[PDB]
Student: 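Quick one: this structure, given as structure tokens, is what I'll be asking you about.
Order of appearance sets the numbers: ligands from 1, and atoms from 1 within every ligand. Position 1 is the first residue of the sequence; numbering continues from there. Any value given below was found using the heavy atoms of this structure, including those in side chains, with hydrogens, waters and symmetry copies removed.
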Amino acid sequence: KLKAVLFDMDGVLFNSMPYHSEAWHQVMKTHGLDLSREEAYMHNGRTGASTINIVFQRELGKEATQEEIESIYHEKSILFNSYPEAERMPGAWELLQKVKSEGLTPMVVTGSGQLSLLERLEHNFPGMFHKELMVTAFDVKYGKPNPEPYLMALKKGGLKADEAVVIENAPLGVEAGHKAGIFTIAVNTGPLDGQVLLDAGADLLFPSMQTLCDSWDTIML
Ligand SMILES: [Ca+2]
Ligand SMILES: [Cl-]
């Protein structure tokens with residue numbers, strides 16, 4: 001039945017979460033706001049704009065202005081890009097090769113608008129992905145945990161929800177995939193408790209991308 005595999009990017013394809021969590025923590029700290037690196041991890045999947053708005057609501061009891069969102073998004077992007085560029089998540093490439101060999105369509109579904117990562121997908125995973133078979137922050141009105149990005153990915157691939165599988169690392173993205181009615185595999189690549197991923201609606205849970213890759217052939221859909 002399976003036709004397509006819908007990969008989240010940060011913490012699934014790229015090992016970018018230490019950087020994302022560090023940059024969110026530091027930039028918020030610069031603005032007088034306390035957001036731990038673990039709390040930044042818990043926001044993974046959101047668009048940058050949604051993250052900024054929700055942190056302001058939670059910490060200052062008020063919405064971020066459009067100007068605050070833009071300033072903070074840029075400051076965070078610049079700090080992120082100041083680090084040596086993020087490397088592949090171990091297991092991603094090997095899994096992608098397995099997926100492509102069995103005739104499935106790889107897709108990206110991401111809350112990222114980070115062009116330094118998006119423009120590196122082809123060089124890191126050659127021959128796997130296509131811009132018209134991707135959903136990024138540039139495509140959505142509401143991102144994860146709303147199912148809108150995953151629903152859009154189904155449409156882009158001409159797929160029904162039962163013809164896809166989602167691979168996610170973050171509770172909000174797991175929630176989005178599950179709520180789009182798609183079978184969702186959680187991969188626990190960060191410091192969170194796996195139970196948070198299962199609680200978010202993940203149909204299956206693996207401790208790493210490599211362990212998911214090692215087990216893929218024995219998964220049946
Ligand atoms: Ca992610
Ligand atoms: Cl960024």
Side-chain angles (χ1 to χ4, degrees), residues 5-28 30-31 35 37-52 55 69-92 95 106-121 124-125 129 134-138 140 143-150 153 165-180 182 184-192 194 196-197 200-202 205-206 208-209 212:
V5 182
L6 281 47
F7 289 87
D8 185 31
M9 182 177 70
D10 295 305
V12 168
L13 300 175
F14 284 114
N15 181 26
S16 53
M17 291 308 301
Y19 289 171
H20 283 302
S21 60
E22 187 72 32
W24 282 119
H25 170 66
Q26 293 294 348
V27 169
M28 286 306 176
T30 294
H31 283 259
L35 178 76
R37 295 165 180 86
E38 305 74 58
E39 287 172 313
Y41 263 98
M42 294 290 290
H43 287 295
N44 184 220
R46 303 192 199 276
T47 60
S50 177
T51 298
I52 290 158
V55 170
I69 288 171
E70 281 276 295
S71 297
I72 293 156
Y73 185 84
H74 278 102
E75 274 139 358
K76 188 253 165 186
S77 183
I78 291 159
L79 183 52
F80 178 89
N81 280 332
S82 81
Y83 304 139
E85 62 185 11
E87 291 179 345
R88 294 179 292 281
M89 184 62 74
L95 179 59
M107 303 189 66
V108 180
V109 186
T110 181
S112 186
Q114 185 45 260
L115 286 169
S116 78
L117 293 171
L118 294 171
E119 295 178 343
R120 283 175 68 221
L121 284 166
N124 282 269
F125 309 100
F129 304 115
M134 287 170 54
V135 174
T136 70
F138 301 114
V140 299
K144 305 169 187 179
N146 195 256
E148 162 177 1
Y150 282 106
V165 56
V166 170
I167 312 289
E168 269 282 353
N169 70 304
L172 298 171
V174 163
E175 178 176 355
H178 171 69
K179 289 181 177 184
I182 312 167
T184 298
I185 299 173
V187 282
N188 195 9
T189 65
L192 309 171
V196 172
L197 299 168
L205 171 68
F206 295 88
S208 72
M209 281 290 284
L212 168 64

Student: Can you list, by chain and residue number, the protein N, O or S atoms under 3.0 Å from the Ca ion (ligand 1)?
Tutor: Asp8 OD2, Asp10 O, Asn44 OD1, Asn169 OD1
Student: Can you name the closest pair of heavy atoms from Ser21 and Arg37 and give their distance?
Tutor: CB-O, 3.5 Å
Student: Please find the pair of heavy atoms, one from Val12 and one from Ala92, that lie closest to each other, and give the distance.
Tutor: O-CB, 3.7 Å
Student: Verify salt bridge (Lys or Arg N to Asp or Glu O under 4.0 Å) between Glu175 and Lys144, making sure each step is shown before the conclusion.
Tutor: CA-CA 8 Å; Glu175 178 176 355; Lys144 305 169 187 179; over 6 Å; no
Student: Would you please say whether a donor-acceptor pair under 3.5 Å links the side chains of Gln114 and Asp10?
Tutor: no
Student: I'd like to know if the side chain of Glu75 pairs up with that of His31 as donor and acceptor (distance under 3.5 Å, no hydrogens or angles considered).
Tutor: yes
Student: Does the side chain of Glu168 come under 3.5 Å of the side chain of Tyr150 through a donor N or O and an acceptor N or O?
Tutor: yes
